[PDB]
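These notes concern the structure reproduced below.
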Amino acid sequence: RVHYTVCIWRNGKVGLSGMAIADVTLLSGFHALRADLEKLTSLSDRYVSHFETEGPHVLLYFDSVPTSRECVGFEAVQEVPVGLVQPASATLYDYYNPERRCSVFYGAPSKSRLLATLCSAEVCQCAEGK
Amino acid sequence: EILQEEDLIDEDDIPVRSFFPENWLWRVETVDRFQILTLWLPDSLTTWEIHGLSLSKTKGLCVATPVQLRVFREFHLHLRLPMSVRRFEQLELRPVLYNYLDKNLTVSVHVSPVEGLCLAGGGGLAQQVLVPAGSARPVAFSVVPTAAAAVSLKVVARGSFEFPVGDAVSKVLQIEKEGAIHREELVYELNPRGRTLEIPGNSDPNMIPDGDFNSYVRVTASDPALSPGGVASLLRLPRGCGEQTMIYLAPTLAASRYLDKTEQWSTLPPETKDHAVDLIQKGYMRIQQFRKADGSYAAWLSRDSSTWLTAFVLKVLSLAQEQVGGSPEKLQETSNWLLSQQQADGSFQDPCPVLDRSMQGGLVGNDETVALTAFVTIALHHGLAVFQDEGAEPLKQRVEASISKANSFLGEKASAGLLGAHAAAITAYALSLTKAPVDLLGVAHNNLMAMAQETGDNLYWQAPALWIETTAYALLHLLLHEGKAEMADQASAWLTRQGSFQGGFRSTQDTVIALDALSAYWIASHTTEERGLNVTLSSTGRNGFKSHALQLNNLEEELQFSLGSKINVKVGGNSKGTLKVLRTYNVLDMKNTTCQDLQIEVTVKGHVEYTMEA
Amino acid sequence: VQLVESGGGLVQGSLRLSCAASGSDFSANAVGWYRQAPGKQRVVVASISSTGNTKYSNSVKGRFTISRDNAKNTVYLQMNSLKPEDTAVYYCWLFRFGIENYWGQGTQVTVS
Amino acid sequence: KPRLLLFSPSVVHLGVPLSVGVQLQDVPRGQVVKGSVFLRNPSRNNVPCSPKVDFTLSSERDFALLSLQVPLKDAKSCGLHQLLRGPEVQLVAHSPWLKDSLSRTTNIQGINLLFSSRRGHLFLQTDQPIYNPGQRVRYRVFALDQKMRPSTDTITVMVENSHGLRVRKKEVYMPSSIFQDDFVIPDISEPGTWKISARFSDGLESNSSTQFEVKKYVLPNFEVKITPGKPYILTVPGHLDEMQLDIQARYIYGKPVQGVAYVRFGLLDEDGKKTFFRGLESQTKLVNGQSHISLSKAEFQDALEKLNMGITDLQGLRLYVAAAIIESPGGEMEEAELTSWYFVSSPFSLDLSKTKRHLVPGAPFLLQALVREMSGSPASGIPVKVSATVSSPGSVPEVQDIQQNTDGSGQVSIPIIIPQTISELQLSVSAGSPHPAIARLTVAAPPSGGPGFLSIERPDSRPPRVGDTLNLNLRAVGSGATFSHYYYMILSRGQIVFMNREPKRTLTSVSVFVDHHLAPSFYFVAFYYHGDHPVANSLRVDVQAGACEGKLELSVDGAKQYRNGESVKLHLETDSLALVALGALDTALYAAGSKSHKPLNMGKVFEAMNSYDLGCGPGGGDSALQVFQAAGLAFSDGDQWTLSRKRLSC
Ligand SMILES: *[C@@H]1O[C@H](CO)[C@@H](O)[C@H](O)[C@H]1NC(C)=O
Ligand SMILES: *[C@@H]1O[C@H](CO)[C@@H](O)[C@H](O)[C@H]1NC(C)=O
Ligand SMILES: *[C@@H]1O[C@H](CO)[C@@H](O)[C@H](O)[C@H]1NC(C)=O
Ligand SMILES: *[C@@H]1O[C@H](CO)[C@@H](O)[C@H](O)[C@H]1NC(C)=O
């Protein structure tokens, strides 16, 4: 049992003129609990008008994305232990122009958002090991 | 919530799907009314659309109905790589497992530890996944491409022994060179002064030294009559005396040749063309039997010869010689006879004037000697072509000597000034046609310009027979004198207007000359050159010296050229176009990795189980 | 493809318990055996990969060996030190192309 | 007063034989006429442009169809390429009989013809419909002569850049009739549409092209298609049909996608500017790859009121529908667009492109109309009403109303009766019940006082299949029976492929066998002479699909759902020795962003063969010359000829 918190905001004033379709991807081996996800759409001030989750994938449709940091969270469940540690991904699209994506990498609570890579000016090497 | 301690099918056992052609069965083969050819289906799960064309010598083309071949695997692994990946940047792979079987599968997905890629665990760490029947389960894999050119990463998904199903996919991700892509468009111009130009070699600092350097050249070429009814009506069968026959034959020959050069024979029925030819043949014989012993061509055999009509007939017959199988030696004799009549100073006598002066055009008047001298030279020059290349050598040289003497004499008369418009017009045409000396030609040209007239747009020199004929002679002179420049176009326009009136070209001297001028003008305007613009580029690069060419005789052309330093250009040809060389190279470009307009932030809080940890 | 197996019978023990495959490119495809004890579901007992890398179920790992030979297109599951809970009906498992699974009639073995 | 009559298609293609027809008229029955026909350009002193061919037609067999060869070398020698004022060549008939017996001004009689170097058929095939920069392009071109048999002439293939800039040119002489070549798109090429053009070397305007698109794409995994309930939406006042559409997403291999479909609506004007709706977005899960999405009338008009567009303003606007299906838990998305869905005031759309103009008094004017459903296949069982109003000069305009239903192929043949001496005709045809799709036209009667007319009547009025024999009824109208025969000829692909005569009788029926030479259509020009003037009336006859005679039948071992790497057995069945040119294409490419243009098939092949047809219109003509012109013929009977065509197209 884990708690998620996905948040959305925009600079605005150009480029979007629309809503968003969150595409947060859960950590490997998870699946968002249906009950906690449904109650988001039942509130009078529901943040997300429509949702759909299957397995590690959650599709949240945000009717309005403001310049403030308004956001919602849900809960997930564990069905199989995560074999290896890595940062998952979350994507936010534009309803009227899904090309305007926004990819962000989020890690586990005690992990980092990026793989350990010691990079110099011209070349880089990674220290993924024990 | 349990693991598997190596109770999964062997990694090497499962076949690997690596051949993914978007188009495979490309071949042309012969069939003897029946053939079966075995095929090896590529390792891609789609619906192939097999189609064919039959090209047989007897039957012909016969397209065939496509055969919708469908290849599909119950449990497979779909790895969709991104179009572009930048090195040393976090990359997210999501190979989804599609389980279309009627069973639940627990499978282990791991990326083989290909060198040049840094996996999350640094190697082949398994990620157990439960795929329920008829469902897809993504298995995210975060990798950072540290390689230089490309890496072949294979994702292996080996299932459990409860139902031993597995599949592996091998793909190569193309890691583009560090730095963005830049375009340097260097526009230019081309012309026949300002011929050679050199494009400076690139010296930008942002260019990455080790990388690609592609240059492309893009050259663009950038390219920018009288009624057939009246002229056709001029075709009349000659009849009458030796003079009246030429009244009806000279217009007939001019009208036939005008349409021949103007290519207006299509408008009229084909019967008319041969009718015109037959009339010319009849007229040629009709006047040929009026010839005296020495090629005099007098109105009557008893009456004395007239040099005017002999020159007129020689001009007419010489032009008609092309389409009529005439006898050149008779014309040679006539030219010899004309040379006899020349006076001491280069003029011509015409001892016996023609019976009717109405056909003389603008000749009757105060000045006649200069008109005849120029008129005969025009006729004499036209007789040069009929002279046979073999034999009769002395006769020609005598002609060039006399015509030069006439050309010289015309020079003093024209230079003396106070010559009439008709005399000046013929003199200018005579000198220009016969290649008179430049100084005499130059003065004659500008003298005629002085007598020129301009009353409005497309007006120059209804109208009297003299004005119409004089304008025609001037137009012929202008067209042959340094081509046409804003005056032949304007001058000839008046001639067409004057000829479009009902029963235009009242006389015959104007009719033959006017139709000669307009035909010359028409052929001059409706003509185009090659307009070639071939340019050669040469440069001394690292590889050495290289050259290229781009012929643009017709369109636009683009060409790959391997020149990495300052280049040279060699433009040629009258045509003017546009050349623009574009160079592309990788620059040192940096930007936000973060989102600029739409931003999403997600965080996770809680306890997450693990199997292998540092 | 038809799978034929035999050699199962009551024993005090070791059984050759060989299985033969009806051709169809027996080599270059994984093969193995499945244990189906009464009541519980069918489970893996031992298998041999195409390359020869053998795998055994951890429950009875290292006791009885598995041998595959291509000379006569057959497999063996030579038993040894039989345990009284080993009574089950075994099946001959073939695995070709990586997605196709086949199983034979299945011979039952008894222990004393 | 005999006549020698010269017939020939109005355009002569250099390098292919030219069909010429010579036929006598009113011969004393005791004299045989001999002569020769050849091409000559008067611009170069009547230098012949083709070898002379003699006909020697006699009175017992006057009609004589003879072919002229026009080699390229002869054209060059006679100077046809040096002309300045357009292409124009003269075809003449030389026969001493003309001058000596008929006492003509000259023993020559000819017709002015246009000429063009266009010849043969070139078909270009590319490896894939769409490419992405850096990939190798494999293209092959098939060379075919006029008769559709493989040719072995030299061709030049030039590839053009997205901007129209040539980037390749290969003059290749090819004996196999197939030329396979490839090149590599530059790695920096911007997205755009390229073009591969091929032409015969000797010919200059005999080109043929195939376009392929260059675009940066990644091969899609599944296909999404939006199918509206009806391709049309009624916008008549009061009634506005509900707008419901279905969305289907299916994996390329066949299984149904399981995701979520996000749909947005909007309006398009003629140019393409979009006016998106707000608050009308509909998102729904795909159940078995299906999602029935509809707009209630109440909310649609509310959006219109919000945009203040108004119902009346929906003249020719298109209702945009864009989906952004996202398969879950896959994560990828594909999008479909539905630009082609209009607001219309009627479901049907009459087409009157087959009803011939130039009615002939005294015979039943045949009305042909194609009732094609708005943006869809032709429909059947749609009553169509026509009200013809014959305008008699000497009385009140009579009005005739006749009703008929569509036969079943979408075509209706309604014969109306027209009396003699009619000034003109006005008829309005409207198919629909309710909401008629009205269409009207007026056909003026021929000038009075001329020779009687010829009425070509087809009893069947259906497109015959190859191998059939359609019967045509010829009948003189309002003229004496002085003539004793009906002369007719058949034109196909701009060539007189049949010439004959039929004796006059009470019911004159001519049986025309429709073979492969007559496809996809042919004309039928028949004429009779009322003593001195000619009378003629053409008739354009279509032909059915007529599958290729080659009979190539690609086939596989049924449908066994082949796995990857399995050995399929492709069966090739052909009726003779042939060069089968195969290509297997991934249907995912069609899904990938593109115009979804059709590949090579019989639609393009038959269009290619019929591209040479010279006639225009459904036939018929005010005078004999006009009908000969319309059918694509050049005519000259000495005292009455046909003017040269102004252009290669009508
Ligand atoms: C797979 O799991 C689902 C989860 O509810 C279950 O309903 C189904 O029965 C399972 N498959 C089989 C073959 O039992
Ligand atoms: C083009 O090449 C030709 C030779 O083929 C030559 O005239 C010159 O080098 C270039 N310019 C022109 C106008 O032809
Ligand atoms: C990214 O853009 C933001 C503007 O929202 C700016 O503050 C920030 O400096 C940028 N990141 C850079 C320049 O690395
Ligand atoms: C041949 O080229 C001309 C001009 O280059 C063009 O107008 C014509 O359409 C081309 N032919 C075909 C069949 O496209």
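In the structure tokens, the first chain shown is A, the next is B, and so on; residue numbers restart at 1 for each chain, and ligands run from 1 in the order shown.
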> Which chains and residue numbers are within 9 Å of ligand 3, counting only C-alpha atoms and all ligand atoms, if I want them as a list in words?
Replying inline: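 Within the 9 Å cut-off, the matching residues are residues 11 of chain A; 590, 591, 592, 593, 594, 595, 596 and 597 of chain B.
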>> Distance cut-off 12 Å, counting only C-alpha atoms - which residues of chain C neighbour chain D? Return them as a PyMOL selection string.
In response: chain C and resi 97-100
Residues within 10 Å of ligand 1 (only C-alpha atoms and all ligand atoms), as a compact mmCIF listing (two decimals) with C-alpha atoms, in the first residue's frame?
# COMPACT_ATOMS: atom_id res chain seq x y z
CA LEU B 101 -3.84 -16.65 -24.45
CA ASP B 102 -6.68 -17.88 -22.24
CA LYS B 103 -4.37 -18.29 -19.22
CA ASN B 104 -2.70 -16.09 -16.62
CA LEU B 105 1.06 -15.75 -17.05
CA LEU B 130 1.80 -10.88 -13.75
CA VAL B 131 -0.01 -10.69 -17.09
CA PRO B 132 -3.67 -11.78 -16.80
CA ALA B 133 -5.29 -13.49 -19.76
CA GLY B 134 -6.12 -11.12 -22.60
> Given the choices C:65, C:59, C:87, C:105, which gets closest to residue 32 (chain C) if the distance is worked out from only C-alpha atoms?
Replying inline: C:65
> Could you pull out the helix (DSSP H, G or I) residues of region 17-129 of chain A from DSSP and send them as a ChimeraX atom specification?
Replying inline: /A:34-42
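The spacing separating CA of residue 315 (chain B) from CA of residue 391 (chain B) amounts to 21.5 Å.
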> Within 7 Å of residue 67 (chain A), counting only C-alpha atoms, which residues qualify if same-chain residues fewer than 5 places away don't, as a list in words?
Replying inline: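 Selected residues are residues 9, 10, 11 and 12 of chain A.
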Write a file of the just-selected residues containing N, CA and C atoms, as a tab-separated table (two decimals), in the first residue's frame.
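Contents of out-v2.tsv, freshly written:
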chain	number	residue	atom	x	y	z
A	9	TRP	N	0.46	22.00	-13.13
A	9	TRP	CA	0.34	23.45	-13.23
A	9	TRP	C	0.93	23.87	-14.56
A	10	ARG	N	0.57	25.08	-15.01
A	10	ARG	CA	1.04	25.60	-16.28
A	10	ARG	C	1.46	27.05	-16.14
A	11	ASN	N	2.46	27.44	-16.93
A	11	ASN	CA	2.82	28.86	-17.01
A	11	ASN	C	1.71	29.65	-17.69
A	12	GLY	N	1.20	29.15	-18.81
A	12	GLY	CA	0.02	29.71	-19.42
A	12	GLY	C	0.29	30.95	-20.25
Could you list, as a PDB file with N, CA and C atoms, in the first residue's frame, all residues that come within 8 Å of ligand 4? Count only C-alpha atoms and all ligand atoms.
ATOM      1  N   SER D 197       9.206  10.843 -61.802  1.00  0.00           N
ATOM      2  CA  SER D 197       8.659  11.011 -63.140  1.00  0.00           C
ATOM      3  C   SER D 197       9.466  10.188 -64.133  1.00  0.00           C
ATOM      4  N   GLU D 205       6.696  14.821 -74.132  1.00  0.00           N
ATOM      5  CA  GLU D 205       5.579  15.047 -73.224  1.00  0.00           C
ATOM      6  C   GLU D 205       4.804  13.758 -72.991  1.00  0.00           C
ATOM      7  N   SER D 206       5.520  12.636 -72.920  1.00  0.00           N
ATOM      8  CA  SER D 206       4.929  11.331 -72.650  1.00  0.00           C
ATOM      9  C   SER D 206       5.217  10.870 -71.226  1.00  0.00           C
ATOM     10  N   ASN D 207       5.316  11.812 -70.295  1.00  0.00           N
ATOM     11  CA  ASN D 207       5.744  11.508 -68.941  1.00  0.00           C
ATOM     12  C   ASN D 207       4.624  10.855 -68.137  1.00  0.00           C
ATOM     13  N   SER D 208       5.017  10.244 -67.025  1.00  0.00           N
ATOM     14  CA  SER D 208       4.091   9.676 -66.059  1.00  0.00           C
ATOM     15  C   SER D 208       4.794   9.656 -64.714  1.00  0.00           C
ATOM     16  N   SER D 209       4.051   9.936 -63.646  1.00  0.00           N
ATOM     17  CA  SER D 209       4.651  10.170 -62.342  1.00  0.00           C
ATOM     18  C   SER D 209       3.927   9.379 -61.263  1.00  0.00           C
TER      19      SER D 209
END
> Once you count only C-alpha atoms and all ligand atoms, which residues end up within 10 Å of ligand 2, and could you hand them over as a VMD selection string?
Replying inline: chain B and resid 192 530 to 536 549 to 553 570 to 575
Taking only C-alpha atoms into account, what are the residues of chain B at most 7 Å from chain C, put as a CSV table (one decimal) with N, CA, C and O atoms, in the first residue's frame?
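Heads up, here's the output in out06.csv:
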chain,number,residue,atom,x,y,z
B,7,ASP,N,12.9,-20.8,-12.1
B,7,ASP,CA,11.9,-21.8,-12.6
B,7,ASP,C,11.2,-21.2,-13.8
B,7,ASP,O,10.0,-21.3,-14.0
B,10,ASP,N,14.4,-21.4,-20.5
B,10,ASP,CA,15.8,-21.0,-20.8
B,10,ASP,C,15.7,-19.7,-21.7
B,10,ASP,O,14.9,-19.6,-22.6
B,13,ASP,N,16.4,-20.6,-25.3
B,13,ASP,CA,15.4,-21.4,-26.0
B,13,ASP,C,14.5,-20.6,-26.8
B,13,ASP,O,14.2,-20.9,-27.9
B,14,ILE,N,14.0,-19.4,-26.3
B,14,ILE,CA,13.0,-18.6,-27.0
B,14,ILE,C,13.6,-18.0,-28.2
B,14,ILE,O,14.7,-17.5,-28.1
B,15,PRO,N,13.0,-18.1,-29.4
B,15,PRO,CA,13.5,-17.4,-30.6
B,15,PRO,C,13.5,-15.9,-30.4
B,15,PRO,O,12.7,-15.3,-29.6
B,161,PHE,N,7.0,-21.9,-15.8
B,161,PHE,CA,6.7,-23.2,-16.2
B,161,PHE,C,5.3,-23.6,-16.1
B,161,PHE,O,4.9,-24.7,-16.6
B,162,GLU,N,4.4,-22.8,-15.5
B,162,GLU,CA,3.0,-23.1,-15.4
B,162,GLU,C,2.4,-23.2,-16.8
B,162,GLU,O,1.7,-24.1,-17.2
B,165,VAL,N,5.6,-20.0,-22.0
B,165,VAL,CA,5.5,-19.1,-23.1
B,165,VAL,C,6.4,-17.9,-22.9
B,165,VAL,O,6.5,-17.3,-21.8
B,166,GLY,N,7.2,-17.6,-24.0
B,166,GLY,CA,8.1,-16.5,-23.9
B,166,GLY,C,8.4,-15.9,-25.3
B,166,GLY,O,8.0,-16.5,-26.3
B,167,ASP,N,8.9,-14.7,-25.3
B,167,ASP,CA,9.2,-14.1,-26.6
B,167,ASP,C,10.3,-13.0,-26.3
B,167,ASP,O,10.3,-12.4,-25.2
> With distances taken over only C-alpha atoms, which of C:111, C:4, C:71, C:37 is nearest to residue 21 (chain C)?
Replying inline: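 Selected residue with least distance to residue 21 (chain C): C:4.
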> Using only C-alpha atoms, which of the listed residues (B:379, B:232, B:279, B:109) sits closest to chain D?
Replying inline: B:279
>> If you run DSSP on the backbone here, which positions in region 323-410 of chain D get strand (DSSP E or B)? Please write them as JSON, numbers by chain.
In response: {"D": [323, 324, 325, 326, 327, 333, 334, 335, 336, 337, 342, 343, 344, 348, 349, 350, 351, 365, 366, 367, 368, 369, 370, 371, 372, 373, 378, 384, 385, 386, 387, 388, 389, 390, 391, 400, 401, 402, 403, 404]}
If we count only C-alpha atoms, which residues of chain B reach to within 8 Å of chain A? Please list them as a short mmCIF file (atom, residue, chain, number, x, y, z; two decimals) with N, CA and C atoms, in the first residue's frame.
data_model
loop_
_atom_site.label_atom_id
_atom_site.label_comp_id
_atom_site.auth_asym_id
_atom_site.auth_seq_id
_atom_site.Cartn_x
_atom_site.Cartn_y
_atom_site.Cartn_z
N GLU B 1 2.49 -12.23 -3.97
CA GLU B 1 3.72 -11.51 -3.63
C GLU B 1 4.85 -12.50 -3.37
N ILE B 2 5.32 -13.14 -4.44
CA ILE B 2 6.39 -14.13 -4.35
C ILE B 2 7.23 -14.06 -5.62
N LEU B 3 8.46 -14.57 -5.53
CA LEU B 3 9.41 -14.58 -6.63
C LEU B 3 9.55 -15.99 -7.18
N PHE B 88 23.49 10.47 -23.38
CA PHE B 88 23.65 11.00 -22.03
C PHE B 88 22.38 11.70 -21.55
N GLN B 90 18.36 10.68 -19.95
CA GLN B 90 17.49 9.63 -19.44
C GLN B 90 16.50 9.19 -20.50
N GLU B 92 13.33 6.26 -21.38
CA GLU B 92 12.32 5.39 -20.79
C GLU B 92 11.84 4.41 -21.86
N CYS B 118 23.60 1.62 -19.94
CA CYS B 118 23.66 1.46 -18.49
C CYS B 118 22.25 1.18 -17.99
N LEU B 119 22.02 -0.07 -17.59
CA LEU B 119 20.71 -0.46 -17.10
C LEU B 119 20.51 -0.01 -15.66
N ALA B 120 19.27 -0.13 -15.19
CA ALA B 120 18.95 0.34 -13.84
C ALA B 120 19.77 -0.40 -12.79
N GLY B 121 19.87 -1.72 -12.91
CA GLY B 121 20.67 -2.51 -12.01
C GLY B 121 22.10 -2.69 -12.44
N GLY B 122 22.51 -2.08 -13.55
CA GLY B 122 23.83 -2.28 -14.10
C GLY B 122 24.00 -3.58 -14.86
N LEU B 125 18.90 -7.58 -14.57
CA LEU B 125 18.04 -7.77 -13.41
C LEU B 125 16.61 -8.01 -13.88
N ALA B 126 15.99 -9.07 -13.37
CA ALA B 126 14.66 -9.46 -13.79
C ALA B 126 13.60 -8.62 -13.09
N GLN B 127 12.47 -8.42 -13.77
CA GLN B 127 11.32 -7.70 -13.24
C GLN B 127 10.09 -8.58 -13.40
N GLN B 128 9.76 -9.34 -12.35
CA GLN B 128 8.60 -10.22 -12.42
C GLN B 128 7.35 -9.42 -12.72
N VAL B 129 6.50 -9.96 -13.59
CA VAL B 129 5.26 -9.30 -13.97
C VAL B 129 4.17 -10.35 -14.08
N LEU B 130 2.97 -10.01 -13.63
CA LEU B 130 1.80 -10.88 -13.75
C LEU B 130 0.92 -10.32 -14.86
N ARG B 137 0.63 -5.68 -20.04
CA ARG B 137 1.33 -5.23 -18.84
C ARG B 137 2.61 -4.52 -19.24
N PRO B 138 2.66 -3.19 -19.17
CA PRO B 138 3.92 -2.50 -19.48
C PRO B 138 4.99 -2.85 -18.45
N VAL B 139 6.24 -2.85 -18.90
CA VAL B 139 7.39 -3.08 -18.03
C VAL B 139 8.38 -1.96 -18.33
N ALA B 140 8.31 -0.88 -17.57
CA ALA B 140 9.17 0.26 -17.82
C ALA B 140 10.63 -0.11 -17.59
N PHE B 141 11.50 0.45 -18.43
CA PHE B 141 12.94 0.25 -18.29
C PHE B 141 13.63 1.57 -18.57
N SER B 142 14.27 2.13 -17.55
CA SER B 142 14.98 3.40 -17.68
C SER B 142 16.44 3.11 -18.02
N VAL B 144 20.14 4.91 -19.99
CA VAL B 144 20.85 6.11 -20.43
C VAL B 144 21.81 5.69 -21.54
N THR B 146 24.90 5.71 -23.37
CA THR B 146 26.26 6.23 -23.30
C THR B 146 27.08 5.92 -24.55
N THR B 594 13.60 20.51 -18.54
CA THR B 594 12.30 20.62 -17.91
C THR B 594 11.27 21.21 -18.87
N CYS B 595 10.00 21.02 -18.54
CA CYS B 595 8.92 21.54 -19.35
C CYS B 595 8.83 23.06 -19.20
N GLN B 596 8.41 23.73 -20.27
CA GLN B 596 8.39 25.19 -20.30
C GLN B 596 6.99 25.79 -20.14
N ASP B 597 5.95 25.12 -20.63
CA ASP B 597 4.59 25.65 -20.54
C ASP B 597 3.69 24.78 -19.67
N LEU B 598 3.63 23.48 -19.92
CA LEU B 598 2.81 22.56 -19.13
C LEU B 598 3.73 21.72 -18.26
N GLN B 599 3.50 21.74 -16.95
CA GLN B 599 4.36 21.06 -15.99
C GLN B 599 3.55 20.11 -15.13
N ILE B 600 4.12 18.93 -14.87
CA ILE B 600 3.52 17.93 -14.01
C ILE B 600 4.59 17.44 -13.04
N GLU B 601 4.25 17.39 -11.76
CA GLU B 601 5.14 16.87 -10.73
C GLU B 601 4.39 15.81 -9.93
N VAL B 602 5.00 14.64 -9.77
CA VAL B 602 4.41 13.53 -9.05
C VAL B 602 5.42 13.02 -8.04
N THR B 603 4.94 12.67 -6.84
CA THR B 603 5.78 12.16 -5.78
C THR B 603 5.12 10.93 -5.17
N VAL B 604 5.94 10.05 -4.61
CA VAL B 604 5.48 8.80 -4.02
C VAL B 604 5.94 8.75 -2.57
N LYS B 605 5.02 8.38 -1.68
CA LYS B 605 5.31 8.25 -0.26
C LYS B 605 4.76 6.93 0.25
N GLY B 606 5.56 6.22 1.03
CA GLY B 606 5.17 4.95 1.58
C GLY B 606 6.34 3.99 1.58
N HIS B 607 6.03 2.71 1.76
CA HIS B 607 7.02 1.65 1.79
C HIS B 607 6.83 0.74 0.59
N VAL B 608 7.91 0.49 -0.14
CA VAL B 608 7.89 -0.33 -1.35
C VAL B 608 8.83 -1.51 -1.14
N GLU B 609 8.34 -2.71 -1.41
CA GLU B 609 9.14 -3.91 -1.22
C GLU B 609 10.24 -3.99 -2.28
N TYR B 610 11.23 -4.84 -2.02
CA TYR B 610 12.34 -5.04 -2.93
C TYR B 610 12.82 -6.48 -2.84
N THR B 611 13.63 -6.87 -3.82
CA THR B 611 14.24 -8.19 -3.87
C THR B 611 15.76 -8.13 -3.82
N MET B 612 16.38 -7.34 -4.70
CA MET B 612 17.82 -7.15 -4.72
C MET B 612 18.12 -5.66 -4.60
N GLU B 613 18.93 -5.29 -3.61
CA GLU B 613 19.26 -3.90 -3.35
C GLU B 613 20.75 -3.77 -3.09
N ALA B 614 21.28 -2.59 -3.36
CA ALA B 614 22.70 -2.31 -3.15
C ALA B 614 23.07 -2.48 -1.68
#
>> I need the chain D residues near chain A as JSON, numbers by chain; criterion: at most 8 Å, counting only C-alpha atoms.
In response: {"D": [260, 262, 264, 283, 285, 324, 328, 329, 330, 331]}
> Taking into account only C-alpha atoms, which residue in the set D:646, D:199, D:85, D:516 is nearest to residue 123 (chain D)?
Replying inline: D:199
